[PDB]
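**Q** First the structure, then my questions, so here it is.
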Amino acid sequence: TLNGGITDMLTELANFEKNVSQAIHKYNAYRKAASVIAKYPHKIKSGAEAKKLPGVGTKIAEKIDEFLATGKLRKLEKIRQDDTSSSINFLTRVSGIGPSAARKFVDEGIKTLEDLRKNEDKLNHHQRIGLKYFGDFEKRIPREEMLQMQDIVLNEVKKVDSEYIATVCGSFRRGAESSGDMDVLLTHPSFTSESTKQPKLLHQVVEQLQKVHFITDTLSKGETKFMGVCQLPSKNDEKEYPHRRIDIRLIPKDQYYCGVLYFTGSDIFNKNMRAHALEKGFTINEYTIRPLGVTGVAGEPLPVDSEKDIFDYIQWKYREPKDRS
DNA sequence: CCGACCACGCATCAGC
DNA sequence: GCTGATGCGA
DNA sequence: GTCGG
Ligand SMILES: Nc1nc2c(ncn2[C@H]2C[C@H](O)[C@@H](COP(=O)(O)OP(=O)(O)OP(=O)(O)O)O2)c(=O)[nH]1
Ligand SMILES: [Mg+2]
Ligand code: NA
Ligand code: NA
Ligand code: NA
Numbered sequence: 010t011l012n013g014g015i016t017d018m019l020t021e022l023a024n025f026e027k028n029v030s031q032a033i034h035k036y037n038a039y040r041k042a043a044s045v046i047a048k049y050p051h052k053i054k055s056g057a058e059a060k061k062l063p064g065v066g067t068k069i070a071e072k073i074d075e076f077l078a079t080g081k082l083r084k085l086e087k088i089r090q091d092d093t094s095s096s097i098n099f100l101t102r103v104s105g106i107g108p109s110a111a112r113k114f115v116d117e118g119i120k121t122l123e124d125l126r127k128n129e130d131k132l133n134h135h136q137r138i139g140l141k142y143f144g145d146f147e148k149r150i151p152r153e154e155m156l157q158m159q160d161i162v163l164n165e166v167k168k169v170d171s172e173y174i175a176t177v178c179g180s181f182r183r184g185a186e187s188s189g190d191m192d193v194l195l196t197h198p199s200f201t202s203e204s205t206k207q208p209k210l211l212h213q214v215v216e217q218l219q220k221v222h223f224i225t226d227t228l229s230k231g232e233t234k235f236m237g238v239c240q241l242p243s244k245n246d247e248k249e250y251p252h253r254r255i256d257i258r259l260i261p262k263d264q265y266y267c268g269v270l271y272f273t274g275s276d277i278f279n280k281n282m283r284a285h286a287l288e289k290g291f292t293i294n295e296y297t298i299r300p301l302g303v304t305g306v307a308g309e310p311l312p313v314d315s316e317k318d319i320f321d322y323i324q325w326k327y328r329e330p331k332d333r334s
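Here it is as structure tokens:
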């Protein structure tokens with residue numbers, strides 16, 4: 010908000026590189042810059058000043074001067090004025106449709122919300138669901154609905170086996186008053202790094218949420234990851250709640266912290282920490298934190314009793330979810 | 001100044 | 001089937 | 001796009 014104008018500009022650009030130019034690096038570069046800029050406590054007044062920041066090279070400084078000078082950016086005005094791109098970008102907003110398929114479709118003549126439904130026969134199951142709920146998914150979730158959802162999930166879980174521990178991470182755990190979707194970390198004593206003493210541990214919980222009619226659709230589903238859709242039950246004659254994206258990740262309970270850390274994010278906060286990690290000599294991931302060998306091979310996983318333990322290894326002052334972004 | 005740039009589960013496809 | 005890579009969304 | 005080997 011302080012540097013909002015800027016970070017929005019950088020954001021839109023980043024999206025154009027990921028969705029059109031299909032260049033994640035330029036995508037990240039732009040994100041990283043917007044990320045460090047959003048953290049900058051001063052109201053920027055030039056590209057010279059901005060560049061001093063890591064992640065802001067000359068190019069971005071140049072655009073910052075233009076924007077600050079004209080209240081806009083020609084490059085962004087052009088892209089916005091080009092139908093092809095605007096259709097591609099548009100298409101990627103459907104769950105299941107990334108840069109690649111979106112482009113193909115604009116090539117195959119499909120480029121409007123109308124075209125898509127008229128060619129459902131071109132979409133796979135997932136992309137199909139992303140289309141059906143397209144409108145619903147564009148919506149952010151009120152923190153109160155989140156709660157009503159967290160409540161339902163934790164109950165049904167207990168109803169399957171009280172050894173299960175379910176935790177809502179993502180932007181929720183970070184204290185957001187709204188969320189894009191719902192991220193659920195799961196754990197059970199019967200599954201650790203040493204062994205899996207039960208079959209269908211994730212399945213028992215998924216099916217339970219469906220039997221109860223909370224889970225409506227399944228984007229994809231393995232033995233540790235579930236991507237689907239759900240909806241809060243609504244009261245008679247009351248417009249129903251938008252369907253929402255929901256993920257449930259089953260982690261070995263002895264790794265609960267690395268995984269909760271990962272799943273709490275943000276994604277950007279994560280990449281940073283992981284970057285810092287490597288700089289301290291470590292390699293982090295939802296599972297463990299291992300020291301790196303000369304060859305580049307990770308050593309045995311180091312013991313962790315808390316998220317802070319992970320920050321300690323990297324020599325970072327603990328940060329409650331609330332300060333991660 | 002060229003090249004690397006977090007980490008991974010699930011779906012699918014090419015080569016075998 | 002498997003490996004390795006693409007694609008997708010984390 | 002950056003910045004570091
Ligand atoms: N390390 C790493 N973690 C990621 C990446 N993308 C997402 N994540 C983690 C942190 C997230 O906070 C969780 C899933 O996150 P989301 O995309 O739902 O982010 P988040 O809930 O923070 O935003 P939201 O309010 O739901 O729109 O996976 C990534 O590229 N790298
Ligand atoms: Mg989320
Ligand atoms: Na800089
Ligand atoms: Na999409
Ligand atoms: Na999600």
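Residues 10 to 334 (the authors' numbering) make up the first sequence, in order.
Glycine residues also receive a C-beta, built at the ideal position from the N, C-alpha and C atoms.
1) Flag this pair as yes or no: are the beta carbons of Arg328 and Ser104 separated by less than 8 angstroms?
2) Taking all protein chains shown into account, decide if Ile33 is buried (16 or more other Cβ within 10 angstroms of its Cβ) or exposed.
3) Please determine, among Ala110, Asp124, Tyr271 and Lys280, the residue with the shortest C-alpha to C-alpha distance to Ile260.
4) Leaving out five residues on either side along the sequence, give the residues of the same chain with a beta carbon under 6 angstroms from the beta carbon of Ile293.
5) In chain order, what residues have a CB nearer than 7 angstroms to some heavy atom of ligand 4?
6) Nearest to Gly179 by alpha carbon, out of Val169, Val193, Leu122 and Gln136?
7) According to DSSP, simplified to helix, strand and coil, what is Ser315?
8) Could you tell me whether the segment 123 to 130 touches the segment 147 to 167, using the rule of 3 or more Cβ pairs below 8 angstroms?
9) Beta carbon of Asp192: closer than 7 angstroms to some heavy atom of ligand 6?
10) Could you give the C-beta distance for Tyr322 and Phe291, rounded to a whole number, given that I count them as a contact under 8 angstroms?
11) Taking C-alpha atoms, which residue in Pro251, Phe181, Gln136 and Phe146 lies nearest to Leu156?
12) Give the straight-line distance between the Cα atoms of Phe146 and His252, rounded to the nearest whole angstrom.
13) What would DSSP say about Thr297, mapped onto helix, strand or coil?
14) Express the C-alpha separation of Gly13 and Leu77 in angstroms, rounding to a whole number.
15) Where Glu247 and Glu21 are concerned, what is the direct C-alpha to C-alpha distance, given to the nearest angstrom?
16) Quick one: residues in its chain with C-beta nearer than 8 angstroms to the C-beta of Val115, no 5 flanking neighbours on either side, listed in chain order?
17) Any idea if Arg89 is buried or exposed, counting beta-carbon neighbours within 10 angstroms, 16 or more meaning buried?
18) Output the distance between the C-alpha atoms of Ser334 and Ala43, rounded to the nearest integer angstrom.
19) Taking the beta strand (DSSP E) that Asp256 falls in, what are its first and last residues?
20) Going by Cα to Cα distance, which pick from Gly302, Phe320, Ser109 and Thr297 is closest to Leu311?
21) Taking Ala70 as the reference, give the member of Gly56, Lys81 and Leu82 with the closest Cα.
22) Going by alpha carbons, who is nearest to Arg83 out of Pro108, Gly118 and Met18?
23) In this structure, what does DSSP give as the bridge partners for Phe200?
24) Measure the beta-carbon distance from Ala59 to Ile46 and round it to whole angstroms, keeping in mind my assumption that it falls under 8 angstroms.
25) So is the beta-carbon of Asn281 under 7 angstroms away from any non-hydrogen atom of ligand 1?
26) Closer than 7 angstroms: is that where the CB of residue 345 sits relative to any heavy atom of ligand 5?
27) Could you check whether the Cβ of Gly179 sits closer than 7 angstroms to any heavy atom belonging to ligand 5?
28) Relative to the alpha-carbon of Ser229, which residue among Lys244, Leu85 and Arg258 has its alpha-carbon at the smallest distance?
29) When the Cα atoms are used, what is the spatial distance from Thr227 to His135?
30) Note down the Cα distance separating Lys52 from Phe223, rounded to an integer number of angstroms.
31) Quick check on the burial criterion: 16 or more other C-beta atoms within 10 angstroms. Buried or exposed for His197?
32) Among residues of its own chain, excluding the 5 on either side of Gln207, which ones have a beta-carbon nearer than 6 angstroms to its beta-carbon?
33) Does the Cβ of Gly139 have 16 or more other Cβ atoms within 10 Å, making it buried, or fewer, making it exposed?
**A** Looking at the atomic coordinates:
1) Within the first sequence, the letter at position 319 stands for residue 328. Within the first sequence, the letter at position 95 stands for residue 104. It is not a contact, given that the beta carbons lie outside the stated cut-off.
2) By 1-based counting over the first sequence, the position of residue 33 is 24. Counting C-beta atoms within 10 angstroms of its own C-beta, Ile33 has fewer than 16 neighbours from the protein chains shown and is therefore classed as exposed.
3) As a first step, residue 260 must be located in the first sequence, where it is residue number 251. Comparing Cα positions, the closest option is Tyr271.
4) Along the first sequence, read from residue 1 onward, the residue named residue 293 stands at position 284. Closer than 6 angstroms at Cβ, skipping near neighbours: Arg283 and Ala286.
5) Here the list is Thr101, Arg102, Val103, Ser104, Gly105, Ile106, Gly107 and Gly139.
6) For the purposes of this step, residue 179 is taken as residue 170 along the first sequence, with counting starting at 1. Per the Cα distances, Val193.
7) As a position in the first sequence, residue 315 is number 306, starting the count at 1. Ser315 carries a coil assignment under DSSP once its states are collapsed to helix, strand and coil.
8) In this structure the segment 123 to 130 does not lie against the segment 147 to 167, because fewer than three pairs of beta carbons, one per stretch, are closer than 8 angstroms.
9) This structure lacks ligand 6; its bound ligands are ligand 1, ligand 2, ligand 3, ligand 4 and ligand 5.
10) For the purposes of this step, residue 322 is taken as residue 313 along the first sequence, with counting starting at 1. For the purposes of this step, residue 291 is taken as residue 282 along the first sequence, with counting starting at 1. Sure, about 6 angstroms apart at Cβ, within 8 angstroms.
11) To locate residue 156, count along the first sequence from 1; it is residue 147. Of the candidates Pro251, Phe181, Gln136 and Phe146, the one whose C-alpha sits nearest the C-alpha of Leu156 is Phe181.
12) The residue given as residue 146 occupies position 137 in the first sequence. The residue given as residue 252 occupies position 243 in the first sequence. Within the model, the alpha-carbon separation for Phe146 versus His252 is close to 7 angstroms.
13) If you number the first sequence from 1, residue 297 lands on position 288. Shown here, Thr297 sits in coil according to DSSP, grouped into three states, outside any helix or strand.
14) Residue 77 sits at position 68 when you count from the first residue of the first sequence. Residue 13 sits at position 4 when you count from the first residue of the first sequence. Those two C-alpha atoms are separated by around 12 angstroms.
15) As a position in the first sequence, residue 247 is number 238, starting the count at 1. As a position in the first sequence, residue 21 is number 12, starting the count at 1. In this structure, the straight-line span from the alpha carbon of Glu247 to that of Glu21 is close to 36 angstroms.
16) Your numbering for residue 115 matches position 106 in the first sequence. So the list reads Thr93, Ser96, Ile97 and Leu100, once near-sequence residues are dropped.
17) Taking the first sequence and counting its residues from 1, one reaches residue 89 at position 80. Exposed, since its Cβ has fewer than 16 Cβ neighbours within 10 Å.
18) Residue 334 sits at position 325 when you count from the first residue of the first sequence. Residue 43 sits at position 34 when you count from the first residue of the first sequence. The alpha-carbon atoms of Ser334 and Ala43 are separated by roughly 11 angstroms.
19) Counted from its first residue, the first sequence places residue 256 at position 247. Where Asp256 is concerned, the enclosing beta strand (DSSP E) stretches over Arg253 to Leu259.
20) Here residue 311 refers to the residue found at position 302 when the first sequence is read from its first residue. Among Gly302, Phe320, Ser109 and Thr297, the Cα nearest to that of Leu311 is on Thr297.
21) By one-based count along the first sequence, residue 70 stands at place 61. Distances from the alpha-carbon of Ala70 to those of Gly56, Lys81 and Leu82 put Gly56 closest.
22) Walking along the first sequence from the start, residue 83 turns up at place 74. Distance from the Cα of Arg83 is smallest, within the candidate group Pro108, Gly118 and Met18, for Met18.
23) Indexing the first sequence from 1 puts residue 200 at position 191. Per DSSP, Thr205.
24) Position 50 of the first sequence holds residue 59. Position 37 of the first sequence holds residue 46. The beta carbons of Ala59 and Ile46 sit about 7 angstroms from each other, so the pair counts as a contact at 8 angstroms.
25) Mapped onto the first sequence, residue 281 falls at position 272. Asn281: no, Cβ never under 7 angstroms from ligand 1.
26) Within the shown structure, residues of the chain are numbered from 10 to 334, placing residue 345 beyond reach of any answer.
27) The count along the first sequence starts at 1 and reaches residue 179 at position 170. Because some heavy atom of ligand 5 lies under 7 angstroms away, the Cβ of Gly179 counts as near it: yes.
28) Position 220 of the first sequence holds residue 229. Nearest C-alpha to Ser229: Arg258.
29) Within the first sequence, residue 227 is the residue found at index 218, counting from 1. Within the first sequence, residue 135 is the residue found at index 126, counting from 1. For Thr227 and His135, the distance between alpha carbons rounds to 8 angstroms.
30) As a position in the first sequence, residue 52 is number 43, starting the count at 1. As a position in the first sequence, residue 223 is number 214, starting the count at 1. Taking the straight line from one Cα to the other gives about 45 angstroms.
31) Residue 197 sits at position 188 when you count from the first residue of the first sequence. Residue environment analysis places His197 among the buried positions, since at least 16 neighbouring C-beta atoms fall within 10 angstroms of its C-beta.
32) For the purposes of this step, residue 207 is taken as residue 198 along the first sequence, with counting starting at 1. Correct list, in chain order: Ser199.
33) For the purposes of this step, residue 139 is identified with residue 130 of the first sequence, where counting begins at 1. Counting C-beta atoms within 10 angstroms of its own C-beta, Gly139 has 16 or more neighbours from the protein chains shown and is therefore classed as buried.
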